[PDB]
Structure formats: C-alpha cells, structure tokens
$ cat input-v5.txt   # compact mmCIF, C-alpha atoms
# COMPACT_ATOMS: atom_id res chain seq x y z
CA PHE N 1 93.35 89.09 105.40
CA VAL N 2 90.74 91.10 103.38
CA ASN N 3 87.71 92.55 105.30
CA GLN N 4 88.15 90.58 108.59
CA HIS N 5 88.76 92.07 112.07
CA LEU N 6 91.95 90.22 113.23
CA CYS N 7 93.57 92.62 115.74
CA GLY N 8 96.84 93.34 117.69
CA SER N 9 100.41 92.20 116.80
CA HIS N 10 99.18 88.88 115.30
CA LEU N 11 98.32 91.04 112.21
CA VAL N 12 101.84 92.66 112.43
CA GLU N 13 103.31 89.11 112.43
CA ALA N 14 100.89 88.00 109.63
CA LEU N 15 101.71 91.21 107.58
CA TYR N 16 105.13 89.52 106.85
CA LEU N 17 103.05 86.54 105.48
CA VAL N 18 100.42 88.75 103.63
CA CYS N 19 102.30 91.73 102.05
CA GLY N 20 105.21 89.23 101.87
CA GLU N 21 107.71 90.36 99.21
CA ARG N 22 109.68 93.62 99.86
CA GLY N 23 110.52 93.81 103.59
CA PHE N 24 108.67 96.94 104.56
CA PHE N 25 108.79 100.58 105.80
CA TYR N 26 105.67 100.27 108.11
CA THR N 27 105.61 103.58 110.12
CA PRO N 28 102.17 104.13 112.01
CA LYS N 29 103.93 103.10 115.24
CA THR N 30 104.09 99.26 115.28
CA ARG N 31 100.70 97.65 116.10
CA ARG N 32 100.95 96.10 119.62
CA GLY Y 1 97.11 102.90 111.12
CA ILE Y 2 96.16 99.73 109.16
CA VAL Y 3 95.59 97.23 112.04
CA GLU Y 4 93.65 99.89 114.08
CA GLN Y 5 91.45 100.35 110.94
CA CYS Y 6 91.01 96.51 110.74
CA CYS Y 7 90.06 96.29 114.50
CA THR Y 8 87.25 98.94 114.11
CA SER Y 9 86.13 98.77 110.42
CA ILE Y 10 86.57 97.34 106.85
CA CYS Y 11 90.18 96.66 105.69
CA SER Y 12 91.74 96.32 102.19
CA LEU Y 13 95.14 95.80 100.43
CA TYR Y 14 95.12 99.58 99.65
CA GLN Y 15 95.56 100.11 103.46
CA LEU Y 16 98.48 97.61 103.37
CA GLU Y 17 100.18 99.67 100.56
CA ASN Y 18 99.54 102.84 102.69
CA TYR Y 19 102.35 101.61 105.09
CA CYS Y 20 103.83 98.43 103.45
CA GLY Y 21 106.22 100.58 101.28
$ encode --input "input-v5.txt" --output "structure tokens"
Amino acid sequence: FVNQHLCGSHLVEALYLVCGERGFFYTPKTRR
Amino acid sequence: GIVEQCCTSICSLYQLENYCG
C-alpha cells in the first residue's frame, strides 16, 4: 500500500485487505 | 479522494483514515 501508485477499483478491492478491520464508511464516490 | 490521490501523488494511511471510518 504505502507510497505506491496502484490505481482504479483494484485499490477499492485491496482497501478491504489493507484497512481490514471495521467494515468502512468510504464516501468520496467509490473509486472506479 | 484517496485512490485519486494515490494515482497522481504520494499516499499514506492518514488518507485511508480520511475515508475508512
């Protein structure tokens, strides 16, 4: 994750593997 | 938003906590 330029919904899908714990609010649209 | 910021520039866990509530 940290300081690398991985882009589009593969970082939305990886956000559930990276932030991980809570199950999240995530409001800035959803990143298509 | 966080992934737009990661596509253009540097990206940190502080920008995760900005939207990962």
$ residues_around --input "input-v5.txt" --residues "segment 8-24 of chain N" --least-positions-apart "6" --cutoff "6 Å" --atoms "only C-alpha atoms" --output "VMD selection string"
(chain N and resid 31 to 32) or (chain Y and resid 20 to 21)
$ residues_around --input "input-v5.txt" --residues "residue 1 of chain Y" --least-positions-apart "2" --cutoff "9 Å" --atoms "only C-alpha atoms" --output "ChimeraX atom specification"
/N:27-31 /Y:3-6,15,18-19
$ write_last_selection --input "input-v5.txt" --atoms "C-alpha atoms" --output "PDB file, in the frame of the given file"
ATOM      1  CA  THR N  27     105.610 103.580 110.120  1.00  0.00           C
ATOM      2  CA  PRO N  28     102.170 104.130 112.010  1.00  0.00           C
ATOM      3  CA  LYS N  29     103.930 103.100 115.240  1.00  0.00           C
ATOM      4  CA  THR N  30     104.090  99.260 115.280  1.00  0.00           C
ATOM      5  CA  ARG N  31     100.700  97.650 116.100  1.00  0.00           C
TER       6      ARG N  31
ATOM      7  CA  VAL Y   3      95.590  97.230 112.040  1.00  0.00           C
ATOM      8  CA  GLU Y   4      93.650  99.890 114.080  1.00  0.00           C
ATOM      9  CA  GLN Y   5      91.450 100.350 110.940  1.00  0.00           C
ATOM     10  CA  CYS Y   6      91.010  96.510 110.740  1.00  0.00           C
ATOM     11  CA  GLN Y  15      95.560 100.110 103.460  1.00  0.00           C
ATOM     12  CA  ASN Y  18      99.540 102.840 102.690  1.00  0.00           C
ATOM     13  CA  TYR Y  19     102.350 101.610 105.090  1.00  0.00           C
TER      14      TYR Y  19
END
$ atom_distance --input "input-v5.txt" --atom1 "atom CA of residue 2 of chain N" --atom2 "atom CA of residue 17 of chain Y"
13.1 Å
$ decode --input "input-v5.txt" --residues "segment 2-32 of chain N" --atoms "N, CA and C atoms" --output "compact mmCIF listing (two decimals), in the first residue's frame"
# COMPACT_ATOMS: atom_id res chain seq x y z
N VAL N 2 1.59 1.58 1.07
CA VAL N 2 2.14 2.94 1.32
C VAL N 2 3.04 3.46 0.19
N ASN N 3 2.80 4.70 -0.24
CA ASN N 3 3.57 5.43 -1.26
C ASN N 3 3.86 4.64 -2.56
N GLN N 4 2.85 3.95 -3.10
CA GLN N 4 2.87 3.37 -4.45
C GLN N 4 1.55 3.65 -5.21
N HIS N 5 1.64 3.76 -6.54
CA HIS N 5 0.63 4.41 -7.39
C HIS N 5 -0.42 3.46 -7.99
N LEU N 6 -0.75 2.36 -7.29
CA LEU N 6 -1.78 1.41 -7.71
C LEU N 6 -3.15 2.12 -7.77
N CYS N 7 -3.85 1.99 -8.91
CA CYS N 7 -4.92 2.90 -9.32
C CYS N 7 -6.18 2.15 -9.81
N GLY N 8 -7.35 2.80 -9.76
CA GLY N 8 -8.66 2.21 -10.07
C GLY N 8 -9.20 1.27 -8.98
N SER N 9 -10.29 0.55 -9.27
CA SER N 9 -11.01 -0.25 -8.26
C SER N 9 -10.22 -1.43 -7.68
N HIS N 10 -9.08 -1.81 -8.24
CA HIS N 10 -8.18 -2.77 -7.58
C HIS N 10 -7.65 -2.25 -6.23
N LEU N 11 -7.54 -0.93 -6.02
CA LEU N 11 -7.26 -0.37 -4.69
C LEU N 11 -8.53 -0.19 -3.82
N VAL N 12 -9.74 -0.14 -4.40
CA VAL N 12 -11.00 -0.30 -3.63
C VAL N 12 -11.11 -1.72 -3.08
N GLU N 13 -10.85 -2.72 -3.92
CA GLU N 13 -10.89 -4.14 -3.57
C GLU N 13 -9.78 -4.51 -2.57
N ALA N 14 -8.56 -3.97 -2.75
CA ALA N 14 -7.46 -4.12 -1.80
C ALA N 14 -7.63 -3.29 -0.50
N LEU N 15 -8.43 -2.22 -0.48
CA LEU N 15 -8.75 -1.46 0.75
C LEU N 15 -9.42 -2.35 1.82
N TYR N 16 -10.27 -3.30 1.42
CA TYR N 16 -10.80 -4.35 2.31
C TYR N 16 -9.76 -5.38 2.80
N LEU N 17 -8.57 -5.42 2.19
CA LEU N 17 -7.41 -6.22 2.63
C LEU N 17 -6.36 -5.38 3.41
N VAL N 18 -6.40 -4.04 3.28
CA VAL N 18 -5.39 -3.10 3.81
C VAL N 18 -5.88 -2.35 5.06
N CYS N 19 -7.04 -1.68 5.01
CA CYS N 19 -7.65 -1.08 6.21
C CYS N 19 -8.27 -2.19 7.09
N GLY N 20 -8.87 -3.20 6.45
CA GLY N 20 -9.14 -4.54 7.00
C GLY N 20 -10.27 -4.69 8.02
N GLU N 21 -10.17 -4.03 9.18
CA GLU N 21 -10.86 -4.44 10.42
C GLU N 21 -12.36 -4.10 10.50
N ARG N 22 -12.71 -2.81 10.40
CA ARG N 22 -14.03 -2.26 10.77
C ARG N 22 -15.20 -2.65 9.84
N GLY N 23 -14.98 -2.65 8.52
CA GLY N 23 -16.04 -2.51 7.52
C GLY N 23 -16.53 -1.05 7.47
N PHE N 24 -16.29 -0.36 6.35
CA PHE N 24 -15.97 1.08 6.37
C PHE N 24 -17.06 1.99 5.78
N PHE N 25 -16.99 3.28 6.13
CA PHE N 25 -17.89 4.33 5.64
C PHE N 25 -17.65 4.69 4.16
N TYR N 26 -16.40 5.06 3.81
CA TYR N 26 -15.83 5.24 2.46
C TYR N 26 -16.73 6.00 1.46
N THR N 27 -16.74 7.34 1.57
CA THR N 27 -17.71 8.25 0.91
C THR N 27 -17.28 9.08 -0.34
N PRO N 28 -16.00 9.17 -0.79
CA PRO N 28 -15.57 10.08 -1.87
C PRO N 28 -15.92 9.54 -3.28
N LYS N 29 -17.22 9.38 -3.57
CA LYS N 29 -17.75 8.36 -4.50
C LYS N 29 -17.26 6.95 -4.08
N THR N 30 -17.24 5.99 -5.01
CA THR N 30 -16.41 4.78 -4.91
C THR N 30 -15.50 4.71 -6.13
N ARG N 31 -14.21 4.42 -5.92
CA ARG N 31 -13.14 4.64 -6.91
C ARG N 31 -13.06 3.58 -8.02
N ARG N 32 -13.93 3.73 -9.02
CA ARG N 32 -13.91 3.04 -10.33
C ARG N 32 -12.60 3.30 -11.10
